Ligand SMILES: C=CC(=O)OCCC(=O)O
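Next comes just one chain, in structure tokens: the form solved without 3-(acryloyloxy)propanoic acid (7BC).
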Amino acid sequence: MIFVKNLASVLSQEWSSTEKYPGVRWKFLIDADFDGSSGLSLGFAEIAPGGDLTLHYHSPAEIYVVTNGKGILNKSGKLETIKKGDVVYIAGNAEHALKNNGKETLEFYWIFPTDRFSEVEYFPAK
């Protein structure tokens, strides 16, 4: 099984969001619930100016690929700016957050070593 996706391909998929992540929204591009793919899953996220993916953790490792804008990555308490062209490795259990303090949309893919997004449980910072 091999397939190609971009944002245009998922226009018919409504954005996902939640009130806990203000100004954040996402779609699934590679995911067993949509594609019958396995082993790896990938989403595209946008954080609007002033938006905040608040401090959280989860069991699998995660990678971010930043494709647009800039924001402040909270590395379990240590702040670092990130921007287009950056990739981020987040170990399992590691608390992290990402704030868009800029005027452009902060856009990134995330990747999990899992079949599905739905099998990753998000936990709030303890």
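All residue numbers are counted from 1 along the displayed sequence.
Separately, the form deposited with 3-(acryloyloxy)propanoic acid (7BC) bound exists; it is not shown, and the next lines address it.
Touches 3-(acryloyloxy)propanoic acid (7BC) in the bound PDB entry: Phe34 (any heavy atom, 4.5 Å):
Close contact is absent here: in the bound PDB entry, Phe34 is far from 3-(acryloyloxy)propanoic acid (7BC), nothing within 4.5 Å, heavy atoms only.
Report yes if any heavy atom of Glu95 sits within 4.5 Å of a heavy atom of 3-(acryloyloxy)propanoic acid (7BC) in the bound PDB entry; otherwise report no.
It does not: once 3-(acryloyloxy)propanoic acid (7BC) is placed as it appears in the bound PDB entry, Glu95 has no heavy atom within 4.5 Å of it.
Please tell me whether any heavy atom belonging to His56 falls inside 4.5 Å of a heavy atom of 3-(acryloyloxy)propanoic acid (7BC), as the geometry stands in the bound PDB entry.
Yes, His56 lies within 4.5 Å of 3-(acryloyloxy)propanoic acid (7BC) in the bound PDB entry.
Given that 3-(acryloyloxy)propanoic acid (7BC) is not shown alongside this chain, does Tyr122 nevertheless sit within 4.5 Å of it in the bound PDB entry, heavy atom to heavy atom?
Yes, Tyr122 is a contact residue.
If we check 3-(acryloyloxy)propanoic acid (7BC) in the bound PDB entry, which of the residues in 63-83 reach within 4.5 angstroms of it by a non-hydrogen atom?
Result: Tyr64 alone.
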